[PDB]
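Enquirer: Chains as they are written, first to last, in the authors' numbering: chain KG, 862 to 978, 999 to 1046; chain JG, 862 to 978, 999 to 1046; chain IG, 862 to 978, 999 to 1046; chain LN, 39 to 116; chain LK, 38 to 188; chain GC, 61 to 269; chain HC, 26 to 268.
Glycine residues also receive a C-beta, built at the ideal position from the N, C-alpha and C atoms.
Below you'll find the structure I mean.
Laid out in structure tokens, this is it:
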């Protein structure tokens, strides 16, 4: 008998990126339920100031029974919803590509405009012509979000949702 | 018999940022019911001047019963419905990004405009053309709200709402 | 037996900001009924030159009976409907932010205009471009109203509505 | 705090009398087990010399002794 | 642990040994063999010349007796009075009995932590010194207090 | 306000009860000296019963109806078996627990509230002292009534007003089956409870010198 | 406080004590879990360590245990465990009012005698069980010095509690084997007193048994026919004497 919304802990042994889910499993390490596993997947927040894991399918050994207690997750001994992973993955790369494209386009057009008052011309030519296509392609590819990549050796804490038998 | 609207204490032991609600818990410490435990979630306020916890599912231990007393919370010895949290999370990062983008654009256009009356030209070039893309993308990223985070070592006080047996 | 619309008193012991209505408790301190505990909420006006508290669910102690006499409120010894609180919470912050943004934008463009008749040019740059985005976002954030916050040591007078027993 | 001060010190705690033994062969003035002859003549609590405390959750402020009595001292007045 | 006492009240071993040293250097005999304790006091500091009356300054010595008897936990105390043969067997026996009676009564008036006090005196029936030259100055005439320490 | 009154009543009751218990146990010897139940225990290990007496009784029912009597007697508590003689403690020991929980709902802020708080708490202290004193004298009255009933029964049996209690004893030798035995079995049942007699001619008087 | 309650109440009339208690109020709602964990781990460690110590102490004195608990002196002649008896002196029972019942002595059979293959030992009566836990699980941890200090002293309290738990278990086992051996020697003395019937056996013997395929050359079948019990006719009894 488990009361409605109590404290448990588990240790997970596999890692993943936060883009495409799968039936990922953890090992329940404490409580009366021993040797048990717990499957589910992850969910993507829009902002990366938190991250939680949805594990629902609770497999208990001994006899072929399967409770499906689903709950949410905390940082172990921090009790915070952030994940220990990276968030600055893809800001600066797309930033630099777009800004280099813009600098190219501006270089060619401005040093063409400042002509009246060979190599400099062709510099103007290359900059004014490859800034444009790289600018539109960079604003095309600028939209890929920041993902996180979880740890295979950082556990989680489980605060329950319902009562079970 | 519990009268409609009395004052009770609870302990908040696990914390969370205000982005994804979940089955967060308190452990009621006083009153007629002993050892009771109460789950619920949290609500997102419009402005950052107060923040409350909405706790709904109340389990009395010993007997496998679950009363449904649900209410709001106050901070004990405060008579304040605000949460102990911070408000300067998401101002200055987006502020500085957008202001630097604008300043870039202004540098390029005005320092080109003052040309009639190489390195300064390229300064015009770079800041002019990377101002606009960072300006529109900063207006894109500008709307992340001010989240609040509850504390894992700050308790809470509950005034009752209904009648339970 | 309480007559249709008479005068009683209640002592308010818990305080709350007037943005998120919810349960708030009072203890009836005079009249025929002793030990009565009465909960309700508040209502937010568009302009804050008056404010009232609505309390509806009454608990009579001793027995588990629940009359639900709902009545309205005055500030005692004043006979005034204005709330005992402040109303100048968020005028000056939005005022200063908007006026600073507009003055910035005008600074840069007007001293750009006065060029015919590099430090002052870079001043023109920074003012002329960080004024504008801050101006539109300040008009965006200018929509926040000023609300009130009740007191946990200011009593109230309750003038009744209907008959109860 | 030395129960065998001004002698050699503690030797061992005998449990048959619940007392320490000093390093000279004298019984110490302290105790070590709860099965010793204390002369306790003061107590706490209510419903004493009666059925004791009823573990029921009283809605009222009174307390019922389990032989059928009530302690108005331990109960709350009005 | 604050609900239960940690020591028997009014007892410190440091106080016990220092007051035992004080009484031994006073000259009255203190002895402890096994779990029993007995003390011997000469009559010259307590009575007059074969007379059952108490000098005034002896009350301090009996206060020391009381302070040492506060220390232990006791049940049964016994006093005994011995003297020297003076005129009559009846007279010596009665004088010893009277001295035992009066010191027992003052001890009982003081805070003795016992249940039973016994008093008796035997005159000069069991001398412990063949040197019988002195009378009341002799160490033969004395009083003994004996008891067993109770757990 | 009323909170100050309540905590004044609590503090006064607790402090006066603790003082009363210390004063009570300070002289515990004479209590047992005066309340020797074991002197009054009957020889078959029986608590004697309790009697009550009434002198110069009037009763008004209504008009045309008066009923009076010189004296009357009542059996209060029927005598029964005991295992131990009782003591004064279960009749007399004041219960006590120190409340270490003054909750902070109202907080003293200004001098006028502090002063009215102090005087109201002082009034509650006086009320608690009165409560403790009244409860103590209540228990005193109860144990006085019980002892008076016992000694009244003793006097009345001395004066031939009640029959003595009567018992029956039977004995069996070795009993039980071949599995388990007891070597002897003495069984005593009280057959005749004491009661008053109504044939008043069989009475006897008393005199002094 | 409420001890010198006038002075304490006039002290709490000042609001400095209230705001002083406010800062410790949030601490006072938290540390109960730390106290519970400290008590639990102290109980665990103390019970395990004391059990190991007392097992070493028990096995150190192994020879005298066998010296005192010689079952083989009390093993009956057909390799029979003796039965167990209990006695009672001065039986007093109050059933209710108007009813008493007393006895001088009484006797009760506890366990009926039966066969054995081996005499017992003291080990299954006395061996404390020991297993070292090498994984002290910790959920919550102290953060400041005060929490660390109260954590230490509460773990000391739990350590003492585990010591007491182990000692109580040991003395209960001692009392159990004391009961068993007392009942056995009580049966021996009553049988020498002629208070109980001795057990009576019957043995039948058959020769070569089995078919023409599988056989055993002899057969002894032994059945305990008459169980021991006491004698209720008391005239067949005998007393004792000394010099």
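Spatial neighbours of residue 63 of chain GC within its chain, please: CB distance less than 7 Å, with the 5 preceding and 5 following residues excluded, ordered by chain position.
Expert: Residue mapping note: residue 63 of chain GC aligns to position 3 of the sixth chain, counting from 1. Contacts found: 165, 166.
Enquirer: What's the gap between the Cα of residue 1028 of chain KG and the Cα of residue 909 of chain KG?
Expert: Counting from 1 along the first chain, the entry for residue 1028 of chain KG is found at position 147. Counting from 1 along the first chain, the entry for residue 909 of chain KG is found at position 48. Rounded to the nearest angstrom, the two C-alpha atoms are 8 Å apart.
Enquirer: Can you grab the Cα-Cα spacing for the pair residue 968 of chain KG / residue 1007 of chain KG, in whole Å?
Expert: On the first chain, residue 968 of chain KG is found 107 positions in, with the first residue counted as 1. On the first chain, residue 1007 of chain KG is found 126 positions in, with the first residue counted as 1. In a straight line, the C-alpha of residue 968 of chain KG is about 9 Å away from that of residue 1007 of chain KG.
Enquirer: Can you list, in chain order, the residues of the segment 72-95 of chain LN whose Cβ is nearer than 9 Å to any Cβ on chain GC?
Expert: Residues 79, 80, 81, 82, 83, 84, 85, 86, 87, 88.
Enquirer: Assuming residue 67 of chain HC and residue 180 of chain HC form a contact by the criterion Cβ under 8 Å, report the distance between their Cβ atoms to the nearest whole angstrom.
Expert: In the seventh chain, counting from the first residue as 1, residue 67 of chain HC sits at position 42. In the seventh chain, counting from the first residue as 1, residue 180 of chain HC sits at position 155. Contact holds; Cβ gap of about 4 Å.
Enquirer: Find the residues of chain HC that neighbour residue 246 of chain GC, judging by a C-beta separation of less than 7 Å, and give them in chain order.
Expert: The count along the sixth chain starts at 1 and reaches residue 246 of chain GC at position 186. Neighbours of residue 246 of chain GC on chain HC, chain order: 127.
Enquirer: Taking the alpha-carbon positions, what's the residue 949 of chain KG to residue 975 of chain KG distance?
Expert: Within the first chain, numbered from 1, the residue matching residue 949 of chain KG stands at position 88. Within the first chain, numbered from 1, the residue matching residue 975 of chain KG stands at position 114. In a straight line, the C-alpha of residue 949 of chain KG is about 39 Å away from that of residue 975 of chain KG.
Enquirer: Below 7 Å between beta carbons is the criterion; list the residues of the segment 183-214 of chain GC that meet it against any residue of chain HC, in chain order.
Expert: Of all residues in the segment 183-214 of chain GC, none has a Cβ within less than 7 Å of some Cβ in chain HC.
Enquirer: When you compare only the Cα positions, how much space is there between residue 114 of chain GC and residue 98 of chain LN?
Expert: Position 54 of the sixth chain, counting from 1, holds the residue named residue 114 of chain GC. Position 60 of the fourth chain, counting from 1, holds the residue named residue 98 of chain LN. C-alpha separation (whole angstroms): 40 Å.
Enquirer: Give me the subset of the segment 950-969 of chain IG whose CB atoms are less than 9 Å from a CB atom of chain JG, sorted by chain position.
Expert: The segment 950-969 of chain IG vs chain JG, Cβ under 9 Å: 950, 951, 969.
Enquirer: Applying a beta-carbon distance threshold of less than 9 Å, which residues of chain HC neighbour residue 144 of chain GC?
Expert: Within the sixth chain, the letter at position 84 stands for residue 144 of chain GC. Correct list: empty, because the minimum Cβ distance to chain HC is about 11 Å.
Enquirer: Counting only beta-carbon atoms, is residue 896 of chain JG nearer than 7 Å to chain HC?
Expert: Position 35 of the second chain, counted from the first residue, corresponds to residue 896 of chain JG. Judged by the 7 Å Cβ criterion, residue 896 of chain JG is not in contact with chain HC.
Enquirer: Which of the three DSSP states, helix, strand or coil, is assigned to residue 45 of chain LN?
Expert: To locate residue 45 of chain LN, count along the fourth chain from 1; it is residue 7. DSSP places residue 45 of chain LN in coil when its eight states are reduced to three.
Enquirer: Comparing alpha-carbon positions, which option in HC:247, HC:248, HC:231 lies nearest residue 240 of chain HC?
Expert: Mapped onto the seventh chain, residue 240 of chain HC falls at position 215. Looking at the Cα atoms, HC:231 is the closest of the given residues.
Enquirer: Please tell me whether residue 267 of chain HC has its Cβ less than 7 Å away from any Cβ of chain GC.
Expert: In the seventh chain, the residue the question calls residue 267 of chain HC occupies position 242. Judged by the 7 Å Cβ criterion, residue 267 of chain HC is not in contact with chain GC.
Enquirer: Establish whether the CB of residue 27 of chain LN and some CB of chain LK are separated by less than 7 Å.
Expert: Nothing about residue 27 of chain LN can be reported from this structure: the residues present for chain LN run from 39 to 116 only.
Enquirer: Quickly, what does DSSP pair residue 870 of chain KG with across the bridge? List them, please.
Expert: Translated into positions along the first chain, residue 870 of chain KG becomes position 9. Partner(s): KG:1038.
Enquirer: Alpha carbon to alpha carbon, what distance is there between residue 963 of chain IG and residue 956 of chain IG?
Expert: For the purposes of this step, residue 956 of chain IG is taken as residue 95 along the third chain, with counting starting at 1. For the purposes of this step, residue 963 of chain IG is taken as residue 102 along the third chain, with counting starting at 1. Taking the straight line from one Cα to the other gives about 11 Å.
Enquirer: So the beta strand (DSSP E) residue 917 of chain JG belongs to, where does it begin and stop?
Expert: As a position in the second chain, residue 917 of chain JG is number 56, starting the count at 1. Run containing residue 917 of chain JG: 914-921, per the beta strand (DSSP E) assignment.
Enquirer: Quick check on the DSSP output: the beta strand (DSSP E) that includes residue 135 of chain GC runs from which residue to which?
Expert: Taking the sixth chain and counting its residues from 1, one reaches residue 135 of chain GC at position 75. That run of the beta strand (DSSP E) goes 125-137.
Enquirer: Quick check: the segment 215-224 of chain HC against the segment 243-252 of chain HC, are there 3 or more CB pairs under 8 Å?
Expert: The segment 215-224 of chain HC vs the segment 243-252 of chain HC: in contact.
Enquirer: What separation, rounded to the nearest whole angstrom, lies between the Cα atoms of residue 1012 of chain JG and residue 905 of chain KG?
Expert: Here residue 1012 of chain JG refers to the residue found at position 131 when the second chain is read from its first residue. Here residue 905 of chain KG refers to the residue found at position 44 when the first chain is read from its first residue. If you take the alpha carbons of residue 1012 of chain JG and residue 905 of chain KG, they lie about 31 Å apart.
Enquirer: CB-CB under 8 Å to residue 191 of chain HC, same chain, minus the five flanking residues each way: which ones, in chain order?
Expert: For the purposes of this step, residue 191 of chain HC is taken as residue 166 along the seventh chain, with counting starting at 1. Excluding positions up to five away in sequence, the list reads 71, 72, 75, 76, 79, 153.
Enquirer: Across the segment 199-214 of chain HC and the segment 146-162 of chain HC, are there enough close Cβ pairs to call them in contact, namely three or more that are closer than 8 Å?
Expert: Touching, per the Cβ criterion.
Enquirer: How close, in whole Å, do the beta carbons of residue 83 of chain LK and residue 95 of chain LK come, if the pair is a contact with beta carbons under 8 Å?
Expert: Position 46 of the fifth chain holds residue 83 of chain LK. Position 58 of the fifth chain holds residue 95 of chain LK. The pair is a contact, with the Cβ atoms about 5 Å apart (cut-off 8 Å).
Enquirer: Based on DSSP bridge pairs, tell me the residues matched to residue 885 of chain KG.
Expert: Working through the first chain from its first residue, we reach residue 885 of chain KG at position 24. Residue 885 of chain KG is bridged to KG:901.
Enquirer: Would you say residue 327 of chain HC and residue 209 of chain HC are within 7 Å of each other, going by their C-beta atoms?
Expert: Because chain HC here runs from 26 to 268, residue 327 of chain HC falls outside it and cannot be looked at.
Enquirer: Go ahead and label residue 57 of chain LN buried or exposed: buried means 16 or more other beta carbons lie within 10 angstroms of its beta carbon, across all protein chains shown.
Expert: Counting from one through the fourth chain, the residue named residue 57 of chain LN turns up at place 19. Under this definition residue 57 of chain LN is a buried residue.
Enquirer: I'd like to know whether the C-beta of residue 48 of chain LK is nearer than 7 Å to at least one C-beta of chain LN.
Expert: Counting from 1 along the fifth chain, the entry for residue 48 of chain LK is found at position 11. Cβ-Cβ to chain LN under 7 Å: yes for residue 48 of chain LK.
Enquirer: Determine which residues share a DSSP beta bridge with residue 934 of chain IG and list them.
Expert: Taking the third chain and counting its residues from 1, the one referred to as residue 934 of chain IG is at position 73. Bridge partners of residue 934 of chain IG: IG:1039.
Enquirer: Roughly how many whole angstroms lie between the Cα atoms of residue 75 of chain LN and residue 51 of chain LN?
Expert: Mapped onto the fourth chain, residue 75 of chain LN falls at position 37. Mapped onto the fourth chain, residue 51 of chain LN falls at position 13. Straight-line Cα distance between these residues: approximately 15 Å.
Enquirer: Cβ of residue 97 of chain GC versus every heavy atom of the ligand GTP: is any distance shorter than 6 Å?
Expert: Here there are no bound small molecules, and the ligand GTP is not part of this structure.
Enquirer: So what does DSSP say about residue 997 of chain IG, is it helix, strand or coil?
Expert: Coordinates for residue 997 of chain IG are absent, as chain IG skips straight from 978 to 999.
Enquirer: Against residue 43 of chain LN, what residues of chain LK qualify as contacts under a CB-to-CB distance less than 8 Å, listed in chain order?
Expert: Counting from 1 along the fourth chain, the entry for residue 43 of chain LN is found at position 5. Ordered by position in chain LK, the residues that pass the 8 Å Cβ test against residue 43 of chain LN are 49, 50, 51.
Enquirer: Are the CB atoms of residue 133 of chain HC and residue 109 of chain HC within a distance shorter than 7 Å?
Expert: Translated into the one-based positions of the seventh chain, residue 109 of chain HC becomes position 84. Translated into the one-based positions of the seventh chain, residue 133 of chain HC becomes position 108. Their beta carbons are not under 7 Å apart, which means residue 109 of chain HC does not touch residue 133 of chain HC by this criterion.
Enquirer: State yes or no: is the beta carbon of residue 910 of chain JG nearer than 7 Å to at least one beta carbon in chain IG?
Expert: Numbered from its first residue, the second chain carries residue 910 of chain JG at position 49. Chain IG, which has a Cβ nearer than 7 Å to the Cβ of residue 910 of chain JG, makes this yes.
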